[PDB]
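A.B. asks: Could you have a look at this structure, given as structure tokens, before my questions?
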Amino acid sequence: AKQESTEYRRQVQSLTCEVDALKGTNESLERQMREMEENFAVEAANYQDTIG
Amino acid sequence: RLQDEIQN
Amino acid sequence: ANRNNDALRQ
């Protein structure tokens, strides 16, 4: 039960590193939705030269 | 950029 | 119109 307790603690600590590395990549998807708003700033720039 | 060329 | 276009393309 202590070899087993050393196993499931390591697997849960590895899963804890997942759940906080996923969130720092969810905070990266919140930047890819700004690379969207910059690709729409290129739509608005080609629409500025359109309108002008 | 095609609406620029087309509407010009 | 060209210079302000190239400033927004920049």
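Following the order of the structure tokens, chains are lettered A, B, ..., residues in each are numbered from 1, and ligands are numbered from 1.
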Return the neighbours of chain A among the residues of chain C, cut-off 9 Å, counting only C-alpha atoms, as an MDAnalysis selection string.
C.D. replies: chainID C and resid 1:2 4:6 8:9
A.B. asks: Report as JSON lines: every residue of chain B with an atom at most 7 Å from chain A, its closest pair of atoms, and their distance in Å to one decimal, counting only C-alpha atoms, with rows sorted by chain and ascending residue number.
C.D. replies:
```
{"residue": "B:1", "atom": "CA", "partner": "A:46", "partner_atom": "CA", "distance": 5.1}
{"residue": "B:3", "atom": "CA", "partner": "A:50", "partner_atom": "CA", "distance": 5.9}
{"residue": "B:4", "atom": "CA", "partner": "A:50", "partner_atom": "CA", "distance": 3.8}
```
A.B. asks: Just give me the gap between atom CA of residue 6 of chain B and atom CA of residue 34 of chain A in Å, one decimal is fine.
C.D. replies: 29.3 Å
A.B. asks: To test your reading of the structure, identify every residue in chain B that backbone DSSP assigns to alpha helix (DSSP H), and report it as a PyMOL selection string.
C.D. replies: chain B and resi 2-7
